[PDB]
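Colleague: One structure coming up, written as structure tokens, with questions to follow.
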Amino acid sequence: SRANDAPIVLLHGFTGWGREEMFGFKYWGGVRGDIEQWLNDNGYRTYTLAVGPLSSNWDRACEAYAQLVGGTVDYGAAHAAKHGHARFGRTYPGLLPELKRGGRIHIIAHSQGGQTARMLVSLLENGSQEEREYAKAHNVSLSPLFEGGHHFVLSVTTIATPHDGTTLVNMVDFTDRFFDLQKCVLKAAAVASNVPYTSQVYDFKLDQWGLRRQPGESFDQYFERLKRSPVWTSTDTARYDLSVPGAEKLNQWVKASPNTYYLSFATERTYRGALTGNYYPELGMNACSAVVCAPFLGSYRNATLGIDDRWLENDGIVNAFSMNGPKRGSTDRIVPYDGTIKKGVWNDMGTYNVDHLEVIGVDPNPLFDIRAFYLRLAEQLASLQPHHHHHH
Ligand SMILES: [Ca+2]
Ligand SMILES: [Zn+2]
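Here our numbering is used: position 287 in the sequence shown is 287, and no number is missing along the way.
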């Protein structure tokens, strides 16, 4: 039963778009419907964030903050200078000005959005020492995000998040395959990749890098430029953060806040082979991942990198072992759900038999009751005690 009235905020991964994009086909619901609308209809106030799908977690966090409380995106002077991109980005009206007045939110994140959510909490709570110092030494202005002391976030829920990275990035042809994946999702939305749509359709939001699809350019063409751009070749990217080494680095500073509840959901859509020990995609797996991605993930080992048999089970895009919470380079604690949701630790909700895209409804799965999944989750979030009392 309801203990809090915090609104829910939905957040996407390396693919994602606003409610008005993709001609209305939702990331959060896809072919199954509109998850936000369902929650809202059931009495759970819910909103959706849209940030750069290919941008670093940092960039996304800055975008999220500003999208939340309003204003112009501020990536941090130190950060901007270090990576060679703009300091300021786009301007937002603010979905929830209530945040600057004591309110709190629950964040439900998918895929890489889980890393973003964590980072946001971290920055909100602790700010950035580096940014503070840079401001002081150079006399530049400083975003409140980097000051610390903000407590918006009551909880963070992650679904199919590569907390420890994903070995998908180790594919020799990762670059091409990754963009083919973006092409696949466009396909799911009935959007062609070889057509120069004059309407935006899918805004990658690369204002900091000064990149945008030009007139006369199709997605295929656009992706070819992107592949050669700083959003693909620099360390300040989703590409990097998505890697095992990158996730590890992020984990070294992005810690669980003791004042926030964390829930983790893992996904899998594979079966083990008895002779090989490898994992193979199940029947029903989205066509975007079944042919090349899943098999790679289910067979890729790397001793020096620390990738062993535990990493093989996957949901087609991410290794299931990476989803229960940050482990590599992390001090965070992870406890298996036992009926009690604990604060300031990762409550491992278990593993669900659904693939990376099925879980958000981008790919169909009649056996998966998506509406009930999200409503059950929402119910659980609403039951969280903003202050738990200590007892026997
Ligand atoms: Ca399916
Ligand atoms: Zn950046």
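Note that CB positions come from ideal geometry on N, CA and C, so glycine has one too.
Give the single residue among 32, 104, 113, 132 whose Cα lies nearest to the Cα of residue 157.
Modeller: One-based indexing of the sequence shown puts residue 157 at position 157. Comparing Cα-Cα distances from residue 157 to each of 32, 104, 113, 132, the minimum goes to 113.
Colleague: What are the start and end residues of the beta strand (DSSP E) that includes residue 88?
Modeller: The count along the sequence shown starts at 1 and reaches residue 88 at position 88. Run containing residue 88: 88-92, per the beta strand (DSSP E) assignment.
Colleague: With a threshold of 6 Å, establish whether the CB of residue 284 neighbours any heavy atom of ligand 3.
Modeller: Among the ligands in the structure shown, ligand 3 does not appear; only ligand 1 and ligand 2 can be found there.
Colleague: Less than 8 Å between the CB atoms is what I'm expecting for residue 279 and residue 314, so what's the real figure, rounded?
Modeller: Position 279 of the sequence shown holds residue 279. Position 314 of the sequence shown holds residue 314. So it is a contact: roughly 6 Å between Cβ atoms.
Colleague: Relative to the C-alpha of residue 348, which candidate in 163, 202, 230 has its C-alpha closest?
Modeller: What you label residue 348 is simply residue 348 of the sequence shown in a count that begins at 1. Here the closest residue by C-alpha is 163.
Colleague: Looking at the secondary structure, which residues open and close the beta strand (DSSP E) in which residue 340 lies?
Modeller: Reading the sequence shown from its first residue, position 340 is the one you call residue 340. Residue 340 -> no beta strand (DSSP E), and no H or E assigned at all.
Colleague: If I follow the unbroken alpha helix (DSSP H) through residue 295, where does it start and stop?
Modeller: In the sequence shown, residue 295 corresponds to position 295, counting from 1. Note, residue 295: alpha helix (DSSP H), 293-297.
Colleague: From 206, 31, 246, 263, pick the residue whose C-alpha is nearest to that of residue 339; which is it?
Modeller: Indexing the sequence shown from 1 puts residue 339 at position 339. The option with the nearest alpha carbon to residue 339 is 263.
Colleague: How should residue 146 be labelled, buried or exposed, when 16 other C-beta atoms within 10 angstroms of its C-beta is the threshold for buried?
Modeller: Along the sequence shown, read from residue 1 onward, the residue named residue 146 stands at position 146. Residue 146 comes out buried.
Colleague: Report buried or exposed for residue 358, applying the criterion of at least 16 other Cβ atoms within 10 angstroms of its Cβ.
Modeller: Locating residue 358 in the sequence shown gives position 358, counting from the first residue. With 16 or more Cβ atoms within 10 Å of its Cβ, residue 358 is classed as buried.
Colleague: Tell me, please, whether the region 280-290 touches the region 172-190 by the rule of three or more beta-carbon pairs shorter than 8 Å.
Modeller: Enough Cβ pairs lie closer than 8 Å, so yes.
Colleague: At a cut-off of 6 Å, would you count residue 58 as near ligand 2, judging by its Cβ distance to the nearest heavy atom?
Modeller: Here residue 58 refers to the residue found at position 58 of the sequence shown. Within the cutoff, so yes.
Colleague: Taking the Cβ atom as the reference point for each residue, do residue 267 and residue 160 lie within a distance shorter than 7 Å?
Modeller: Position 267 of the sequence shown holds residue 267. Position 160 of the sequence shown holds residue 160. Contact flag set, yes.
Colleague: Measure the Cβ-Cβ separation of residue 15 and residue 61 and say whether it is below 7 Å.
Modeller: Taking the first residue of the sequence shown as 1, we reach residue 15 at position 15. Taking the first residue of the sequence shown as 1, we reach residue 61 at position 61. No, the pair does not count as a contact, with Cβ atoms beyond the cut-off.
Colleague: How many angstroms separate the CA atom of residue 212 from the CA atom of residue 68?
Modeller: Within the sequence shown, residue 212 is the residue found at index 212, counting from 1. Within the sequence shown, residue 68 is the residue found at index 68, counting from 1. If you take the alpha carbons of residue 212 and residue 68, they lie about 24 Å apart.
Colleague: Give the secondary structure of residue 114 by DSSP, where H, G and I count as helix, E and B as strand, and everything else as coil.
Modeller: As a first step, residue 114 must be located in the sequence shown, where it is residue number 114. Helix at residue 114.
Colleague: Would you kindly work out how many angstroms separate the C-alpha atoms of residue 24 and residue 63, rounded to a whole number?
Modeller: Against the sequence shown, residue 24 aligns to sequence position 24. Against the sequence shown, residue 63 aligns to sequence position 63. Each residue's Cα considered, the two are about 22 Å apart.
Colleague: For residue 9 and residue 301, what's the separation of their Cα atoms in angstroms?
Modeller: If you number the sequence shown from 1, residue 9 lands on position 9. If you number the sequence shown from 1, residue 301 lands on position 301. Taking the straight line from one Cα to the other gives about 36 Å.
Colleague: Applying the criterion that 16 or more other CB atoms from any shown protein chain within 10 Å of the CB defines a buried residue, is residue 143 buried or exposed?
Modeller: As a first step, residue 143 is located in the sequence shown; it is residue number 143 there, counting from the start. So residue 143 counts as buried.
Colleague: Give me the DSSP bridge partner(s) of residue 158.
Modeller: The count along the sequence shown starts at 1 and reaches residue 158 at position 158. Per DSSP, 109, 264.
Colleague: Which term fits residue 199, buried or exposed, when burial requires 16 or more other beta carbons within 10 angstroms of its beta carbon?
Modeller: To locate residue 199, count along the sequence shown from 1; it is residue 199. Classification for residue 199: exposed.
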